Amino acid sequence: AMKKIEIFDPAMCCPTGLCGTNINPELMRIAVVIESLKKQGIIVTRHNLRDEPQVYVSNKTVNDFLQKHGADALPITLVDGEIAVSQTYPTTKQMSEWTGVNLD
């Protein structure tokens, strides 16, 4: 009943993208969600194209999707290994359904 979630971000300067002075609202929303889930022992793993290029090749699902749609298709979110979202971050509603947690 609990689906596993893996996020492949675009190339960013830090794992959360929340480094600099201008805060992207969507990056903050998803980082807060991930940190909430983490507090509860639910791990959403994320990758950064700048830090781990190889996983964007070695994951065949992500690789084939990037071949068709390009790096502009990032972020890609996998749910149980299936592409579930592309170009925007999953909605908190999606994250609650997938994890069975009730996130604000």
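Note that residue numbering follows the sequence shown and begins at 1.
- Across the two stretches, 90 to 98 and 7 to 15, the PDB entry reports the greater mean Cα temperature factor for 90 to 98.
- Of all the options 32, 73, 57, 49, the entry's greatest CA B-factor is assigned to 57.
- Sorting the modelled residues of the chain by their CA temperature factor places residue 63 in the middle third.
- When the modelled residues of the chain are ordered by C-alpha B-factor, residue 40 sits in the highest third.
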